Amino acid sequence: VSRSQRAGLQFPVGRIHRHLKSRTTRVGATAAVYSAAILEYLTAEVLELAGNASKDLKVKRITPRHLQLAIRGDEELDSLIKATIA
């Protein structure tokens, strides 16, 4: 069915393919599928940690402080965001 469904992804491989084309001005399907999977994985990792931080609250909702706990609290995520900004 959907190309993102074919890859088993929630992130949109067509949109990411166009984004890659825009930022690399040929982009194969596998580049877009792999990029989507990678962005989805990093997203899942940050949200898992952030949502763990927001457990124990009756209304479970991730705020910027939970994202801070998730990324700043994690040697790899913290170095990734620092390199990325700088």
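Position 1 is the first residue in the sequence shown; the rest follow in order.
- The entry models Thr25 and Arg26 with a gap of 1 to 3 deposited residues left without coordinates.
- On average the C-alpha atoms of 50 to 58 have higher B-factors than those of the other stretch, with 50 to 58 and 36 to 44 being the two compared.
- Of the two stretches examined, 16 to 24 and 60 to 68, the record assigns the greater average C-alpha temperature factor to 16 to 24.
- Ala7: CA B factor in the middle third of modelled residues in this chain (values from the PDB entry).
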